[PDB]
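Novice:
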Ligand SMILES: CCCCCCCCCCCCO[C@@H]1O[C@H](CO)[C@@H](O[C@H]2O[C@H](CO)[C@@H](O)[C@H](O)[C@H]2O)[C@H](O)[C@H]1O
Ligand SMILES: CCCCCCCCCCCCO[C@@H]1O[C@H](CO)[C@@H](O[C@H]2O[C@H](CO)[C@@H](O)[C@H](O)[C@H]2O)[C@H](O)[C@H]1O
Ligand SMILES: CCCCCCCCCCCCO[C@@H]1O[C@H](CO)[C@@H](O[C@H]2O[C@H](CO)[C@@H](O)[C@H](O)[C@H]2O)[C@H](O)[C@H]1O
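Chains as they are written, first to last, in my numbering: chain U, 79 to 127; chain R, 45 to 190; chain E, 1342 to 1535; chain F, 22 to 69; chain Y, 3 to 753; chain P, 207 to 255.
1. Sorry if obvious, but does the Cβ on residue 1370 of chain E come closer than 7 Å to a heavy atom of ligand 1?
2. Closest Cβ-Cβ distance between residue 1359 of chain E and chain F: below 8 Å?
3. Is residue 153 of chain Y near ligand 2, going by C-beta to nearest heavy atom under 7 Å?
4. Using DSSP's beta-bridge definition, name the partner residues of residue 1484 of chain E.
5. What residues in the stretch 1450-1471 of chain E have a beta carbon less than 7 Å from any beta carbon of chain F?
6. Rounding to the nearest angstrom, what Cα-Cα distance links residue 735 of chain Y and residue 603 of chain Y in this structure?
7. Going by the DSSP bridge assignment, what does residue 727 of chain Y pair with across the sheet?
8. Which whole-angstrom value is the C-beta distance of residue 103 of chain Y and residue 47 of chain Y, which I expect to be below 8 Å?
9. Return the first residue and the last residue of the alpha helix (DSSP H) that residue 410 of chain Y is part of.
10. Output the residue ranges of the alpha helix (DSSP H) runs that lie fully inside the stretch 618-671 of chain Y and measure 4 residues or longer, sorted by chain position.
11. Under 7 Å from any heavy atom of ligand 5, does the C-beta of residue 326 of chain Y make it?
12. Can you pull the chain U neighbours of residue 605 of chain Y, defined as C-beta to C-beta under 8 Å?
13. Report whether the distance from the Cβ of residue 1342 of chain E to the nearest heavy atom of ligand 2 is below 7 Å.
14. Does the beta carbon of residue 666 of chain Y fall short of 7 Å from some heavy atom of ligand 2?
15. For residue 124 of chain Y, which residues from the same chain have a beta carbon less than 6 Å from its beta carbon, with the 5 sequence-adjacent residues on both sides left out?
16. Starting from residue 199 of chain R, find everything on chain E with Cβ-Cβ shorter than 7 Å and list it in chain order.
17. Whole-angstrom Cβ separation of residue 504 of chain Y and residue 447 of chain Y, contact assumed at under 8 Å?
18. Any residues in the stretch 144-178 of chain Y with a beta carbon nearer than 8 Å to a beta carbon of chain F? Which ones, in chain order?
19. Do residue 390 of chain Y and residue 530 of chain Y have their C-beta atoms closer together than 8 Å?
20. Are the CB atoms of residue 138 of chain R and residue 156 of chain R nearer to each other than 8 Å?
21. For residue 525 of chain Y, return the contacting residues in chain F, with the cut-off set at a CB-CB distance below 7 Å.
22. Would residue 1427 of chain E be called buried (16 or more neighbouring beta carbons within 10 Å of its own) or exposed?
23. If you measure beta-carbon to beta-carbon, which residues of the stretch 1403-1426 of chain E are closer than 8 Å to chain A?
24. Which of helix, strand or coil does DSSP assign to residue 228 of chain Y?
25. Contact check, residue 1425 of chain E vs residue 1386 of chain E under 8 Å by CB: the rounded distance?
26. Quick check: the stretch 530-544 of chain Y against the stretch 359-379 of chain Y, are at least 3 beta-carbon pairs closer than 8 Å?
27. Confirm the yes/no value for this check: CB of residue 611 of chain Y, any heavy atom of ligand 2, distance under 7 Å.
28. Check whether the Cβ of residue 156 of chain Y lies closer than 7 Å to any heavy atom of ligand 3, and answer yes or no.
29. List, in chain order, every chain E residue whose beta-carbon is nearer than 9 Å to that of residue 20 of chain Y.
30. Applying a beta-carbon distance threshold of less than 8 Å, which residues of chain F neighbour residue 485 of chain Y?
31. Apart from the five residues on each side of it in sequence, which residues of its chain come closer than 8 Å, Cβ to Cβ, to residue 1 of chain Y?
32. When you check each C-beta in the stretch 633-654 of chain Y against every C-beta of chain F, which residues fall closer than 8 Å?
33. Whose Cβ in chain R lies nearer than 7 Å to the Cβ of residue 127 of chain U?
34. With a cut-off of 8 Å, does the C-beta of residue 52 of chain R fall near any C-beta of chain U?
35. Going by the C-beta, is residue 219 of chain Y closer than 7 Å to any heavy atom of ligand 3?
36. Are the Cβ atoms of residue 62 of chain Y and residue 190 of chain Y separated by less than 8 Å?
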């Protein structure tokens, strides 16, 4: 009922998975939307005359 | 919350368009605008005259002419809003005593402005179809707007 | 590592999977889009307006210029250009960022153009303004022809307009039928000003 | 509405220009206009 | 009638339906009305489809041939025969799921993928057959061979994805093309891997004959008919294998000398990469030319229709020409209407048709240009069509000089001609031309406003007279067959052909007196623009130009930008607008795509070998295949266009696959207690045969694309010799250098 | 709601060649009478007046 046996014996493989996790996070870090809050104010439309 | 801003704007635009002919003529002539509110304020930039050389209407016009559309083309900028004095207009400030002196109504002067400040579709000389071996197609220019 | 064990022992199971792979591939083959190239040209909206007789400068400044004032600053706009011609036509091409949805862009540009619309001369308004998504992908060109000069260009265009154009426009993936040629039929009154 | 106008007049001066413009919208299945003697004009555009 | 298709449409379905509809409608045509399918570019994609289908069959046959020669069992050849079509055909379903399409790029992706899928099948079946030749049974040898390769199969799939999928994430037009190539190849690679683990070994377990059990029906006849050939090829193949073993031993002895040669060759790769001129999307005969006619400024449309008819007749007498599709009045600037300009699209006969050597699209165009040069009423030039309709320039720029400060049409024109005037000095820039014209003849009409109003004449009456008579007002609609058609009034033809026809027009004053405009207006000659183009809400003048294709765009655009900063007067700025403005927005992903992909392949390999250094034994080999390919294109003096680049990419992938199996084999041999030297040699000898099998399959596929004269064999041979040299180098460098790297990295592993 | 006797069809006789409303009714009535003379259809009604 334990997976970690496989990775204990192959530390480079474990590192490869973790480094890939790290690289994915770095790419995403530079693609994310940035703002002070999320979209919490309900959208509205405005008509002027 | 969570309604899509763009479709909501489109629906309200369809409805306002339906309403438009019920409006008075003048509101129609000045126009209606229907726009999605972009609630997220990134920053506010002011145009300024630090020694009062140029006034609020000059500054708003300059913003409109040189700044607003470039900022609005920055990526992720959804809306640039000008807040300040009114935009430029040619104002004619009637002296109603004088207007009556020449026995004129304000209606009359307004008609004069409509008569004498108007573009012209001056026409084209030698345009198709033409009969002989007419050599040139010449468009006509004529000052219409002041 | 024997991931292959289960199938080495069961060749029919393995064949069944590959025949499923194959069958799905053939189905998609008959459902896929076919084209010469992918969508590479950034989408654009086109606004068209006639002002007959007006000089290209008059059209540029009293027709095109207000429309651009209203269009300018639409979301995802890459750039825009208007073109006024001495034959009185005005054409604005608003190009959007690649990956914009053409339909959303056309709806935005249509709203802006409507805002500007009362600013146009009465004659330009009366002839009408149109705003459409450009379909950059040319599938084929079909000409109507009069091979013995029985009928003239305006006749041929009228025929295309009446019987031919809409049948074509209804086909399936046809996004636009565009007629290029002489003008349509009209009642002309040619004054002798003398 | 075109109050007082004859159904043929409505069909030909109201319905016909509107349908000539509507014609060719994307994914349009078909369209029908209907002009009534009480002056009403109704177009139904059915889409895919 | 131009029919334009929607996104995600079916060119073929649409074209067939149009032709069927036209055939049905022609049955109602009044006598004297007909239709012609003037231009049907969907035929292009159709040929590409045939190109794939035929190339697939050829390839399947080839691999079968190769298998029969090397493994000398007809039963082994069924393994590719089924595996390759299943992989390629299966790709379409995942291609659909990701909302891709059958376009020319994706079909080319598939033809390149055929190589990778065929290599997969060869690797699996050769491994099983090799174990059988070691005396095992089909089931047992299939088990052993699959335990030998199933790990490497998964790792190579991942490595190929790591090479290709990052390419799909580039920006702009290049990105949009690579997206098609790479997604198609990646899907095929994943599917082929899955088949390589399930269907190929199961097939070979049930079909490969073990020692014993021979002759059945066809094997006996095949040995009977081809035994002499088998015996001879086995003899020569045996000889080559031992000489190769000697060569590996020699290079492994002088490993340091080998490293020196490798450093030299890496330099040569950089040099040839910079010596071969860059390209993007090569020039394709699209079966028509565009001739432009520009008459003297302000000329009438009747003069233009005469020039256009002459051009058409001249073209119709020119060989290879099929039709003259003419538009008097059509301007190249915007496809809008001009009086003095027109276009004839000269459609050419089909490429396979009587187009011969001297009768080609470039030849036809040059001849038409020479003949049109003797039309003196107009400037005429016939140009080759755009390779992709919608983008044009193909390694050149266009920009817009903008009047931002109400500087007027005249001063803006002066500024733009001054910009062209400073820029033709010598910054490698070319024939910068413009289309901004402000000297088309015109008429200026001066209305004395006070004088009109003293004569009782309204100024709106003067202008309305001018518009209705000279500009033709639209009045209202009239009904005809239930449809609306526009009544328009205008002065008649004789009464508007001529400047002082203005003066003979009469308005009326308030009193009822017809005042002629001879008495309230002056008509004078002047000059102006015919088309006003306003770019980004600024009146603007375009200038377009560029360097030769063996120069890039960025240096040229730096030159124009500097020149404009030097030359443009006050209030007259400029902007870029097209492919160049879109590139300037792009952050050139490539600078992160390639590092990311090499890092990803390194990690994948590191997991497979459990080594931080063995991945290098694969990665260090890939520059060499680039060299092999680039020298090939250089030896034919072609360019590094995106097609040849995706070819380069598949070549790096193939070389990586071969290296990965060589290195993994050496590693397991070393884990069996072999010294790195003997492990490298034994692995290289073990993998030699399958590598040769794939290489020979490709080279025999390249032989028909070299012996195809008289036909459409420009791009056939153009990628042909490139693939020959790419294959030669991929094999040579892989077999002669991966063992060397293995021993070097392996004896630089600890201490 | 929205099916209109699905075990049936509906069709459109179109004046494409400027025939009269009267001549259009003539065509429809000829069609209805000839469809009664073909023994495969049921009762065909119109609302065209
Ligand atoms: C094993 C390797 C195979 C490589 C496969 C290459 C891609 C093949 C694309 C398959 C075509 C899918 O798209 C399909 O194309 C066919 C013609 O082929 C179109 O067919 C259309 O043109 C043909 C012209 O001969 C007509 O006979 C047909 O009745 C008409 O509908 C279909 O309407 C469309 O659904
Ligand atoms: C795009 C991101 C992808 C992230 C994931 C990348 C992971 C890459 C996986 C590649 C496959 C690794 O699979 C691994 O293969 C090696 C072969 O070297 C096997 O190991 C092998 O070598 C050992 C040496 O001690 C032998 O004794 C053994 O008999 C054999 O199985 C592992 O049992 C298997 O688990
Ligand atoms: C199976 C494996 C799959 C492999 C996947 C590989 C994916 C690689 C994705 C590369 C992404 C390229 O896409 C590009 O990313 C960069 C990364 O910041 C962004 O670029 C940005 O980065 C800089 C960082 O200082 C910002 O300051 C700047 O405003 C902008 O240029 C772009 O806005 C985005 O378009």
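By construction, the Cβ of each residue, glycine as well, lies at the ideal position given by its N, Cα and C atoms.
Specialist: According to the structure shown:
1. Against the third chain, residue 1370 of chain E aligns to sequence position 29. Result yes, Cβ under 7 Å from ligand 1.
2. For the purposes of this step, residue 1359 of chain E is identified with residue 18 of the third chain, where counting begins at 1. Not one chain F Cβ lies under 8 Å of residue 1359 of chain E.
3. To locate residue 153 of chain Y, count along the fifth chain from 1; it is residue 151. If you check the C-beta of residue 153 of chain Y against ligand 2, you find a heavy atom less than 7 Å away.
4. The residue you call residue 1484 of chain E lines up with position 143 of the third chain. Note: residue 1484 of chain E sits in a beta bridge opposite Y/38.
5. So nothing in the stretch comes that close.
6. Locating residue 735 of chain Y in the fifth chain gives position 733, counting from the first residue. Locating residue 603 of chain Y in the fifth chain gives position 601, counting from the first residue. Straight-line spacing of the CA atoms in residue 735 of chain Y and residue 603 of chain Y works out to 19 Å.
7. One-based indexing of the fifth chain puts residue 727 of chain Y at position 725. Among the bridge pairs identified by DSSP, residue 727 of chain Y is matched with none.
8. The sequence position of residue 103 of chain Y within the fifth chain is 101, counting from 1. The sequence position of residue 47 of chain Y within the fifth chain is 45, counting from 1. Contact between residue 103 of chain Y and residue 47 of chain Y does not hold, since the beta-carbon distance rounds to 10 Å and is not under 8 Å.
9. For the purposes of this step, residue 410 of chain Y is taken as the residue at position 408 of the fifth chain. Residues 410-425.
10. At a cut-off of 4 residues, the continuous stretches assigned as alpha helix (DSSP H) that sit fully inside the stretch 618-671 of chain Y are 624-638.
11. Here the bound small molecules are ligand 1, ligand 2 and ligand 3; ligand 5 is not part of this structure.
12. Counting from 1 along the fifth chain, the entry for residue 605 of chain Y is found at position 603. Per Cβ cutoff of 8 Å: 94, 97 and 98.
13. Stepping through the third chain from its first residue, residue 1342 of chain E is reached at position 1. In this structure, ligand 2 has a non-hydrogen atom nearer than 7 Å to the beta-carbon of residue 1342 of chain E.
14. Numbered from 1 along the fifth chain, position 664 holds the residue referred to as residue 666 of chain Y. Short note on residue 666 of chain Y: C-beta closer than 7 Å to some heavy atom of ligand 2.
15. Along the fifth chain, one-based indexing puts residue 124 of chain Y at 122. Around residue 124 of chain Y: 692, 695 and 696.
16. With chain R running from 45 to 190 in the structure shown, residue 199 of chain R is simply not present.
17. Numbered from 1 along the fifth chain, position 502 holds the residue referred to as residue 504 of chain Y. Numbered from 1 along the fifth chain, position 445 holds the residue referred to as residue 447 of chain Y. Correct: roughly 6 Å between the Cβ atoms.
18. Legend: CB atoms of the stretch 144-178 of chain Y lying less than 8 Å from CB atoms of chain F are not found in any residue.
19. Counting from 1 along the fifth chain, the entry for residue 390 of chain Y is found at position 388. Counting from 1 along the fifth chain, the entry for residue 530 of chain Y is found at position 528. No, these two residues do not count as a Cβ contact at 8 Å.
20. What you label residue 138 of chain R is simply residue 94 of the second chain in a count that begins at 1. What you label residue 156 of chain R is simply residue 112 of the second chain in a count that begins at 1. No, the Cβ-Cβ distance between residue 138 of chain R and residue 156 of chain R is not below 8 Å.
21. Locating residue 525 of chain Y in the fifth chain gives position 523, where the first residue counts as 1. Here the premise fails: no neighbours, minimum Cβ distance about 39 Å.
22. The residue labelled residue 1427 of chain E in the question sits at position 86 within the third chain. Burial call: buried.
23. Absent from the structure is chain A; the protein chains it does hold are U, R, E, F, Y and P.
24. Here residue 228 of chain Y is taken as the residue at index 226 of the fifth chain, counted from 1. Reduced to three states, the DSSP call for residue 228 of chain Y is helix.
25. Indexing the third chain from 1 puts residue 1425 of chain E at position 84. Indexing the third chain from 1 puts residue 1386 of chain E at position 45. Contact check for residue 1425 of chain E and residue 1386 of chain E: beta-carbon distance about 18 Å, past the 8 Å limit, so the pair fails to qualify.
26. No: the two stretches stay apart, fewer than three of their Cβ pairs being nearer than 8 Å.
27. Locating residue 611 of chain Y in the fifth chain gives position 609, where the first residue counts as 1. Correct: residue 611 of chain Y has its Cβ closer than 7 Å to ligand 2.
28. Mapped onto the fifth chain, residue 156 of chain Y falls at position 154. In this structure, residue 156 of chain Y has its beta carbon at no less than 7 Å from each heavy atom of ligand 3.
29. Residue numbering aside, residue 20 of chain Y sits at position 18 when the fifth chain is read from its first letter. Neighbours of residue 20 of chain Y on chain E, chain order: 1480, 1481, 1483, 1509, 1512 and 1515.
30. Stepping through the fifth chain from its first residue, residue 485 of chain Y is reached at position 483. Ordered by position in chain F, the residues that pass the 8 Å Cβ test against residue 485 of chain Y are 37 and 41.
31. Because chain Y is modelled from 3 through 753, residue 1 of chain Y falls outside the range shown and cannot be assessed.
32. Listed by position along the chain: nothing, the set is empty.
33. Within the first chain, numbered from 1, the residue matching residue 127 of chain U stands at position 49. Using a Cβ-Cβ cut-off of 7 Å, residue 127 of chain U is close to 71 and 76 of chain R, given in chain order.
34. To locate residue 52 of chain R, count along the second chain from 1; it is residue 8. Yes, because at least one Cβ of chain U sits closer than 8 Å to the Cβ of residue 52 of chain R.
35. As a position in the fifth chain, residue 219 of chain Y is number 217, starting the count at 1. No, Cβ of residue 219 of chain Y sits at least 7 Å from all heavy atoms of ligand 3.
36. Within the fifth chain, numbered from 1, the residue matching residue 62 of chain Y stands at position 60. Within the fifth chain, numbered from 1, the residue matching residue 190 of chain Y stands at position 188. In this structure, residue 190 of chain Y does not lie closer than 8 Å to residue 62 of chain Y by Cβ.
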